[PDB]
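Colleague:
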Amino acid sequence: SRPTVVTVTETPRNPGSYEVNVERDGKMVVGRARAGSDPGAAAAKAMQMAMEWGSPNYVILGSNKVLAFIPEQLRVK
Amino acid sequence: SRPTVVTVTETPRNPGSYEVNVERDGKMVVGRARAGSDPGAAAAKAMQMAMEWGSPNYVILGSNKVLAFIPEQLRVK
Amino acid sequence: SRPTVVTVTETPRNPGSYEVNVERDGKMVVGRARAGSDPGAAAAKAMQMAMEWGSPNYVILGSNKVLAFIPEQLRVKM
Amino acid sequence: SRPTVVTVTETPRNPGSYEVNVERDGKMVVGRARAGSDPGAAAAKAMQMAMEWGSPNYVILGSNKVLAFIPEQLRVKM
Amino acid sequence: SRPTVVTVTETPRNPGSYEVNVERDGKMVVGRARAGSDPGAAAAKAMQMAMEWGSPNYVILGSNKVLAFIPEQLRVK
Amino acid sequence: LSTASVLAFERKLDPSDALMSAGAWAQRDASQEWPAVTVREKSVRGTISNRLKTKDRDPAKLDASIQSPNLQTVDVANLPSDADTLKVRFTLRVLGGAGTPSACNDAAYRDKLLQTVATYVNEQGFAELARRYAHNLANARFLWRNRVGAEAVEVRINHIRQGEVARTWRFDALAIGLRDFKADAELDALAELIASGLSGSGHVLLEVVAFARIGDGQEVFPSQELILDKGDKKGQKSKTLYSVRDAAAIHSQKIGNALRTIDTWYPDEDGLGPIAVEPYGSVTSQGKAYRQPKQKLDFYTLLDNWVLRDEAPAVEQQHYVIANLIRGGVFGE
Amino acid sequence: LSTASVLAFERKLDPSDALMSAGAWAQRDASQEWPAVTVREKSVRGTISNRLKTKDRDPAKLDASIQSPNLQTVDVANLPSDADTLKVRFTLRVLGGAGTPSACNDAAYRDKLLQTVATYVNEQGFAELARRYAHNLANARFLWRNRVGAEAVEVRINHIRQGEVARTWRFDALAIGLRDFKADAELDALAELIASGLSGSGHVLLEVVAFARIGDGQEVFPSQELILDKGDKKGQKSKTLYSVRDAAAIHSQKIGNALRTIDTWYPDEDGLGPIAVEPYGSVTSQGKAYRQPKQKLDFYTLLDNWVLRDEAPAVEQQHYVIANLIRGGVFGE
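Given below as structure tokens:
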């Protein structure tokens, strides 16, 4: 509702690679942009999209291998 | 978000080349600056952008080829 | 955050020239000092800053054209 | 860091003058000794500081104008 | 280090006087021997120390004021 | 009829980064192998000489930061102790085709604007603007602080056609001042050669060299650099000079800004001198802004009234509008 | 009306680095080809004579014991064994236009400041300041530690036009003391020549040569270098001297400090001598600071009062403020 939503999923068509979706104002601002082949690159792409498309506020969701690289403080704003 | 966040991403329009973003207290002070064309120079640029602008604490994110040049005790502070 | 960190980075405003930064114990001892106009002068300045500053341990970061002059991981870390 | 490391760096306070630093084994034995006023004297001072102060291994680092006078990848490493 | 090395360095404790070092096959044969008080005598002593102490593959190093008294073909064997 | 929402003009008078070298006077005719000027770096020891902040800090305890020095690092440039002439060399192109936009959005507005520019270029050829650009080239205005203490500035301008030079001009940059615009036969020749390429009749590529005589071992002033990813912690350098591969140089936009200072028509001038031709013509280095949109002498109001409303202004404001179209930029909506 | 947030002034009296040569007395009149002095290294073996600030029986001793020697490396510059005179040469350039600032965020504050400086120059010229600068040039204050045990000092000043020298002054620097500011005949002509360039009515470039007789074989003292990259390892060099192209030299800011010390009007007893003109009037090597901001005696208080509130101070404080903006600096709030 209020913040942007960044979702980092793992593409099931090949295991080990990831994709990011950015949703703002109830509509999809960015869809299926690729985010690397390891969880670190997925965390970097997620935080970059959160910074740029973040506006005032944002929430980062996604896989548990990806969110192990981001501290729990830096997942909401 | 209290600490500084330095994210190194790879440009998907030209593979092999990297870019760096710095967060710095909820408003980005560096946007899509040119890091190196290899993981070593991306690691050097990330550590430079963490040395400045990271006065209390910082967090460095990035790929596994990039973060293989920094020891595990120097990425988070 | 115990060893001294030495970083060598290329200036994007003119390609080919490098600058070195040195941090020891959370305090930036050297900020954006001129290293040179080739990777060899950058490697020499980085090894000099690792010899003088950072007596117990050090880590040297830099590009892959610059770290090709230092022996591979034997003298880069301590 | 086993081999003796010899570095030759150019002073930016006046261009065209060099300095040499030697480190044998965890300790600095020569710090900022005047190399010369041209690349030839800096290369000669580097080879002199590598002849002595040397175990069966050493390493010489310098810019791409000083490392031209040293024979190509033959006398630079040991 | 197979070619014999002959270096001519100016002593910084008094400017204008030179000293020559000669190394052959891993161990040094001449250490800090006196040359003249001018680049001509220093270049002549470098040539003389190049004739002896290595018949094949001598290298002669020195300043540009010293390596200007010998021809360009007589500096590297 | 309404103005477009996308309008993108391209710039004429394309300059280049000018490189600095050092040598001696009375050898300028063989000054093609003069060595460069290198950007040195030095550490200094000085005093605290800024305004102290005594709002809520220590009022009498830590205010003994005076009686203790501060040690800084700076870039600096200098001539050698045997050289007393600075040499600055750049190139320049004149392109032509200044009325057409490079990327438009509307159809009838573009066809009206082309006729509005065409009736001006028919009734008045590019004579005044080329004259003032030749004046700004003739006096060495592109040496900014290197022109202050000089005793002899000398400018050479070549018209390079197919590699080798076809026509040279030589000027003494201290006789041609910076205030008034007076005549000369060489200045008329250069003005017509500029106007040829400004109309579009030919191909104009010039090479401009300038020699300044300042003295032995004095200080020269290259461009200081703006760094936007520097970080604000401590221990930085705070003065970084601009150099192009071990040779101190000047930015190209600064030389274009020096060449653009032809605007002698604005509201409150009483002979103070020209400013650069900008929309809402303003000097941020002085804080003043001439040509505010409150008074109707703004660029956008003049252009809208000229094209849409068929209100032909005075001839000097026509010179100002056409000079802004030659300058280039992004206009629309 | 307030003071601007960005305000900056350029530097007048721009010197160069001084170069040092060695020779014999009574050949001063033909000293165009004397060889330079060179910095040479040397290693000394001395004793440990310093305060043992650790414990008497320290477990981790941060120093060494007294029964052992310590070996060090230092730089040193000497005269040759046949030469007994030292020659020091530099150049000076007087620019003019000391009122206008380079950058100014405000518009009203700039022209108010220009009116204030203009009524100062129209009231009295640049005569007192140029007399003080000519005194600091006449007695060789700039030689520093090389002036102390000297037997005789001589100063030659040349006024250089387009070609050759057009005017020559010769002073005996030991009759003109470092304390008093007396009057002469040639010194008034030199002061008028400096004042004409300070006002703006000419181009003034001087060449200054100084000869000092300190005995043959003795030690000379060039400027010592401050290095901010060297750090924290046992085995370093303790003393590095400044040199340009294998020749000992003195920094340019040290000669600027030696020519700038004209301030004899500070709050305390100024009978002991003059100090340098700077904001907050501080001599750091002595560890003191005159002109503290407790009273209204520092630079910024006088300047803000004079410009914003029209309160003209005494004439000596006006001389101090005008010399402080001849010096230059960043004065912004």
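Top to bottom, those sequences are chains Q, R, P, K, J, F and E.
Each residue of the first sequence is one higher than the one before, counting from 2 in the deposited numbering.
Each residue of the second sequence is one higher than the one before, counting from 2 in the deposited numbering.
Each residue of the third sequence is one higher than the one before, counting from 2 in the deposited numbering.
Each residue of the fourth sequence is one higher than the one before, counting from 2 in the deposited numbering.
Each residue of the fifth sequence is one higher than the one before, counting from 2 in the deposited numbering.
Each residue of the sixth sequence is one higher than the one before, counting from 6 in the deposited numbering.
Each residue of the seventh sequence is one higher than the one before, counting from 6 in the deposited numbering.
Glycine included, C-beta positions come from ideal geometry on N, C-alpha and C.
Listing by chain order, which chain K residues have their CB less than 7 Å from the CB of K242 of chain F?
Modeller: What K242 of chain F touches in chain K: nothing, since even the nearest Cβ is about 12 Å away.
Colleague: Determine the closest residue to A263 of chain E out of E:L308, E:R332, E:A157, with distance taken between C-alpha atoms.
Modeller: Among E:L308, E:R332, E:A157, the Cα nearest to that of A263 of chain E is on E:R332.
Colleague: What residues from chain E crowd round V30 of chain P, counting only those whose CB sits closer than 8 Å?
Modeller: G236
Colleague: Quick one: which chain F residues come within Cβ less than 7 Å of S64 of chain P?
Modeller: Per Cβ cutoff of 7 Å: no residues; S64 of chain P is ~17 Å from chain F at best.
Colleague: For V77 of chain R, which of Q:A42, Q:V77, Q:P72 has the nearest alpha-carbon?
Modeller: Q:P72
Colleague: Should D22 of chain E be labelled buried (16 or more other beta-carbon atoms within 10 Å of its own) or exposed?
Modeller: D22 of chain E should be labelled buried.
Colleague: Using CA atoms only, rank isn't needed, just tell me which of K:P16, K:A34, K:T5, K:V6 is closest to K235 of chain E.
Modeller: K:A34
Colleague: Smallest Cα separation from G55 of chain P: which of P:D26, P:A42, P:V9?
Modeller: P:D26
Colleague: Relative to chain K, which residues along the stretch 10-22 of chain J have a C-beta separation below 8 Å, given in chain order?
Modeller: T10, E11, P13, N22
Colleague: For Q37 of chain E, which residues of its own chain have a beta-carbon under 6 Å away from its beta-carbon, when the five flanking residues on both sides are left out?
Modeller: none
Colleague: Among F:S107, F:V225, F:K238, F:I181, which has the Cα closest to the Cα of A145 of chain F?
Modeller: F:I181
Colleague: Would you call the CB atoms of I280 of chain E and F147 of chain E closer than 9 Å?
Modeller: no
Colleague: Closer than 8 Å between beta carbons: that is the criterion. Which residues of the stretch 32-50 of chain K meet it against chain E?
Modeller: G32, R33, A34, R35, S38
Colleague: Residues of chain K with CB closer than 7 Å to the CB of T43 of chain F, please, in chain order.
Modeller: For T43 of chain F, the chain K residues whose Cβ falls inside 7 Å of its Cβ are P16, in order along the chain.
Colleague: Is it a yes or a no for the stretch 285-304 of chain E touching the stretch 181-192 of chain E, going by three-plus beta-carbon pairs under 8 Å?
Modeller: no
Colleague: Relative to the C-alpha of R16 of chain F, which candidate in F:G104, F:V122, F:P64, F:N55 has its C-alpha closest?
Modeller: F:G104
Colleague: By a C-beta neighbour count over all protein chains shown, 10 Å radius and 16 as the cutoff for buried, is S26 of chain E buried or exposed?
Modeller: Classification for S26 of chain E: buried.
Colleague: Within the chosen definition, does the stretch 43-50 of chain E reach the stretch 238-258 of chain E through at least 3 CB pairs nearer than 8 Å?
Modeller: Contact holds: three or more Cβ-Cβ distances are below 8 Å.
Colleague: In the DSSP assignment, find the alpha helix (DSSP H) that holds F304 of chain F and state where it starts and stops.
Modeller: 304-312
Colleague: Counting only runs of 3+ residues fully inside the stretch 36-74 of chain K, write out the beta strand (DSSP E) ranges in chain order.
Modeller: As far as the stretch 36-74 of chain K is concerned, its whole beta strand (DSSP E) runs of at least 3 residues are 59-62.
Colleague: Does the stretch 105-124 of chain F come close enough to the stretch 301-319 of chain F to have 3 or more Cβ pairs within less than 8 Å?
Modeller: yes
Colleague: Tell me the rounded alpha-carbon separation between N75 of chain F and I267 of chain F.
Modeller: 44 Å
Colleague: What are the residues that DSSP puts in a beta bridge with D80 of chain F?
Modeller: F:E46
Colleague: Does the stretch 152-164 of chain E come close enough to the stretch 209-216 of chain E that 3 or more CB-CB pairs lie under 8 Å?
Modeller: yes
Colleague: Give me the chain A residues within the contact set of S56 of chain R, using Cβ-Cβ distance strictly less than 7 Å, ordered along the chain.
Modeller: In the displayed structure, chain A is absent; the protein chains listed are Q, R, P, K, J, F and E.
Colleague: Are the beta-carbon atoms belonging to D89 of chain F and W30 of chain F less than 9 Å from one another?
Modeller: yes
Colleague: Can you give me the C-alpha to C-alpha distance between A43 of chain K and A47 of chain J, rounded to a whole angstrom?
Modeller: 17 Å
Colleague: Which chain F residues are close to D111 of chain E, counting only those with a beta carbon under 8 Å from its beta carbon?
Modeller: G292
Colleague: What in chain K is Cβ-close to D251 of chain E, meaning under 7 Å?
Modeller: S38
Colleague: Taking 9 Å as the CB-CB cut-off, is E53 of chain R touching chain F?
Modeller: yes
Colleague: Applying a beta-carbon distance threshold of less than 7 Å, which residues of chain Q neighbour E24 of chain R?
Modeller: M52
Colleague: Listing by chain order, which chain K residues have their CB less than 8 Å from the CB of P4 of chain J?
Modeller: Ordered by position in chain K, the residues that pass the 8 Å Cβ test against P4 of chain J are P72, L75, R76.
Colleague: State yes or no: is the beta carbon of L302 of chain F nearer than 9 Å to at least one beta carbon in chain E?
Modeller: no
Colleague: Measure from the alpha carbon of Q129 of chain E to the alpha carbon of each residue in E:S204, E:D189, E:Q77, then state which is nearest.
Modeller: E:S204
Colleague: Since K259 of chain F is in the beta strand (DSSP E), which residue starts that stretch and which ends it?
Modeller: Looking at the DSSP string, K259 of chain F is not in any beta strand (DSSP E); the run it does join, the alpha helix (DSSP H), is 257-264.
Colleague: Could you pull out every unbroken alpha helix (DSSP H) segment of at least 4 residues lying fully inside the stretch 68-152 of chain E, listed in chain order?
Modeller: Counting only runs of 4 or more, we get 113-128, 132-143.
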